[PDB]
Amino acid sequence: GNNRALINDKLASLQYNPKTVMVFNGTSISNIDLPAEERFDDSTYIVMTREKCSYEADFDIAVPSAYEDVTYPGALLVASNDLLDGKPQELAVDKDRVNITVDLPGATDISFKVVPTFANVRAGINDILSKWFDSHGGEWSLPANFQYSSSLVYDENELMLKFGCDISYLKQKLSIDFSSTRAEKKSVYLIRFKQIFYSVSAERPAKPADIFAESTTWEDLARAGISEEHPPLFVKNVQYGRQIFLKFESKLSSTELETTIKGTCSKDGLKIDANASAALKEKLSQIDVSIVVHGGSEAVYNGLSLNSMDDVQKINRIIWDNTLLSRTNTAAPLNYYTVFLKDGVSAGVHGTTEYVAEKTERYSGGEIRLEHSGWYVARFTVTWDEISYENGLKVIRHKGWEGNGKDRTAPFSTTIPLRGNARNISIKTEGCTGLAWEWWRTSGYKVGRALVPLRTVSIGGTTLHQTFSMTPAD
């Protein structure tokens, strides 16, 4: 009982700041040279603007695939930045008994006391699990009820921070490599469906040293890594369940990828249907789908397409599968929560990471049709502004139709084609009355109109009754 009393004193005297001992490290971008850029796709004008952003959120710690046997409820760890990177460092010493509590929904919480070891905690969990589904028939079922998350992802750090997942696992299965992806002109959108089936918690002993066997000494802890820079931690809680990831990769722009997916996919699945779209499909055809399913079932799929109605229904089925939880069909560990052993303060961290958001806007070209059928001489004036980005400067050039002011007779009809960089259209029509005190009469003067696909201005009538109609009548 003398060794524990030394561990308590050395623990209580171990001075460290809970907030700064582990720290998320995100991407930094350090450069303001993000000028707008432009191009044309025939009459279509495509402007791409870039903005530096950072995303801030509580960092959820995934249970790594390769360290499940070290992150079980009641495990001990040495705090280390390498825990945030998916490599938690076991604190391997002998321990005394701890209360482990399984929280299953609709059931009263059953607990059991054992020395926290992977084999002991696992057996205890699987026993309580046996009694629960050995009491719902053989072993039974849980319908899909998912938390939903979606986002474009710039790099591995935005991914980890928004989705709280094990990058290492997801890199294996979904084949995520952002150097290859940006080297091509590809963007990535990611959806996650997440369902927690049950949780398992562990109570930290009032006096912390009580977690150790009586034989363990302070000197064993220091040899394993413990110190003020690496205080000990206690796995307070692990969640178990099922997780589905959908990765959408495209050469389309970020903005067009996000818009296409946001309109065809949601928390309800994929509602993509036939007879109300046609260029949507040539977009969709450019989107490669990958899927990984983890917990319950285990599956990965690659090479699916959203044109096919039967790929869409295969996806929705994967998503809305009921899971038959049993001894032969387990749940996967998803996230775990650590507390500092010294006092029981959380070791959850905040994370920040910077990224470059790219916004693409497409502005379609258009036409102005002028038609004169009136019994008089008429002139048309058409002007507009043309937008250009030349280095980091929005250049605005006033322009004019070559025919402005010229006299026009009898049946006259022309089309003025405009590209998507034209704004601020002004149109004026005048008809010569033939009478000296009112020689030119203005039948229409529309300024500041927008470029629409087809604008038609018709004048007709006679010298003293001049008609004007514009379509659309903006």
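Don't overthink the numbering: it's just position in the shown sequence, from 1.
Higher average CA B factor: 221-229, of the stretches 68-76 and 221-229.
Between 241-249 and 99-107, the higher mean Cα B-factor belongs to 99-107. The entry lists C-alpha B-factors for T352, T328, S290, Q147, and the highest of these is at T328. Taking the deposited Cα B-factors for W320, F380, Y301, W375, the highest one is held by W320. Per the PDB record, residue ranking by Cα B-factor puts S201 in the lowest third of the chain. Placement of the Cα temperature factor of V47 within the chain: middle third of the modelled residues, per the deposited record. Placement of the Cα temperature factor of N2 within the chain: highest third of the modelled residues, per the deposited record. In the PDB entry, a CA B factor belonging to the highest third of its chain's modelled residues is recorded for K271.
Residue-level temperature factors show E56 in the lowest third of its chain, judged at the C-alpha atom.
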